[PDB]
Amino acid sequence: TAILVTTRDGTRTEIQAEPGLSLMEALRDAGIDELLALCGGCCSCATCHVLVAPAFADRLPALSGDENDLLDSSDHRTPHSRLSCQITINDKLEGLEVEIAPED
């Protein structure tokens, strides 16, 4: 379904995201090459970090402790930070707005 992604430089792109892939996988499939996924989507790094629009907090599954810990390593973490590889694409995310987190 449709996700609006803002990259680090401010440019915005609408992407069509397949249900059942992770947000990280959808972003990379759409050529958002800047989103390193160094651990390969196994929740062991912070490089798939995105900032989720506050309106959408309720539409995402709860974050885990491991995801929370990894997000804390980043100096750009906010209450709305998520690891994109932890978010499964589904219809309830239709219209999701995310920003790629600044580096580190």
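Residue indices: 1-based, along the sequence shown.
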Taking the deposited Cα B-factors and averaging over 69-77 and over 56-64, the higher mean is found in 56-64
Of 78-86 and 91-99, the stretch with the higher mean C-alpha B-factor in the deposited entry is 91-99
Divide the modelled residues of the chain into thirds by Cα B-factor and specify which third, lowest, middle or highest, holds residue 23. lowest
Classify residue 32 as lowest, middle or highest third according to the C-alpha B-factor given in the PDB entry, relative to its own chain. highest
